[PDB]
Every structure is written in structure tokens, then in C-alpha cells.
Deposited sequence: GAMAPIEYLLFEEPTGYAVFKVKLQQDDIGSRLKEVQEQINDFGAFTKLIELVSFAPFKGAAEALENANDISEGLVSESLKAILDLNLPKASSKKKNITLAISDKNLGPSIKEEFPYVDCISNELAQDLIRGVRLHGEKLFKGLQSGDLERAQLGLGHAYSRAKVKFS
């Protein structure tokens, strides 16, 4: 339907999934996008715009690779189904739908198939907010410099080796 504000946001870390609540007030957000985009670059200002609801770590390297493969193909794994099932408010008679920022439009239909009351959003504001999570990384998570990068190293090797049959 008509443009509804983004309420939640999904970010796929190499170490697990994160669901954030979007706190940014989005009245006439188009007239303020440049100002919001500048806020996103500063960690302190960004904390006004989003807040972590839940981070669900993968159990280990094998599950991480399964999820890297599922996400690369726009699929909803059992781990992604779980974090969305547990941390997105359920539809009710007083609040009928929930909006979720995702960066990959092709993941949307897979999410909606599991959660028909979720409307996925991948517009410029969604992309800007996701960039902000990508930028500020570990500072957003209770439990360090390198943690995510170390995990990307192992996961990138695992993903690539599976492709080339190593």
C-alpha cells in the first residue's frame, strides 16, 4: 500500500542474525534524507535511529556457512525463521502488519511466505540504515575490533571453497 514507516531492521552478520528496532521518526523523511544520512555516519547520532532487539549467534562454522549459502540465495533458514519468529511482534487486532528493512529484495518473498504479516522494505532509507549497522558493527553489540572481520575471513574462505569444490 502507501509508504509506511520502517519499524524493524534485519542485519546478517557473519556470526549471526540481528534484529534492530528502528526509532527514527519518518514524517516527510524525503525532505530530511541528507540530514539523516549524515547522522548515520556518527556512532553517537546513529544510536538515536536504531536499537538492537536481539542478536542470535550461529552455533558454529557449519551453521554459519549454511546460512551464508541460504542468504546468498534469498532463502530463510531455520535460524532466520527463529529470530524473526521470536523478536518481531506478532500481528494482532490492534496492529495488523509489521515493516522490516532488508537489503536484498529477493529475500522479501521468502520472509513473507513464512511471515505473511511482514512487509519487507528495501528502499533508500532501509539501505542507509543497514549501511549504518554495517559501519558501526561491534559497537552495537554487547560482546570487539576484529571479531566481525575474523569471522568474515573464515566464512569467506568457507563460502568460496564450497563454490570451487575445495
Compare what was deposited with what's modelled and send me the C-alpha-less stretches, numbered from 1. 144, 168
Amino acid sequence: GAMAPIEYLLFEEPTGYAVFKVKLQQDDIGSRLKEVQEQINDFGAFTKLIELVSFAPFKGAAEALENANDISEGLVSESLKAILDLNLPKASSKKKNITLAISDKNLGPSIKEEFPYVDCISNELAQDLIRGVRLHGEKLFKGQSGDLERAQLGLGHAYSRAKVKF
From here on, numbers count along this sequence of modelled residues.
Going by the mean C-alpha B-factor recorded in the entry, which is higher: 90 to 98 or 75 to 83? 90 to 98
Out of 35 to 43 and 121 to 129, which stretch has the higher average CA B-factor listed in the record? 35 to 43
In terms of CA temperature factor as recorded, identify the highest of 61, 107, 49, 52. 61
Sorting 111, 135, 68, 29 by Cα temperature factor from the record, which one lands on top? 29
Sorting the chain's modelled residues by C-alpha B-factor, tell me whether residue 21 ends up in the lowest, middle or highest third. middle
Going by the CA temperature factor in the PDB record, which third of the chain does residue 163 belong to: lowest, middle or highest? middle
So where's residue 146 on the chain's Cα temperature factor ranking, which third? highest
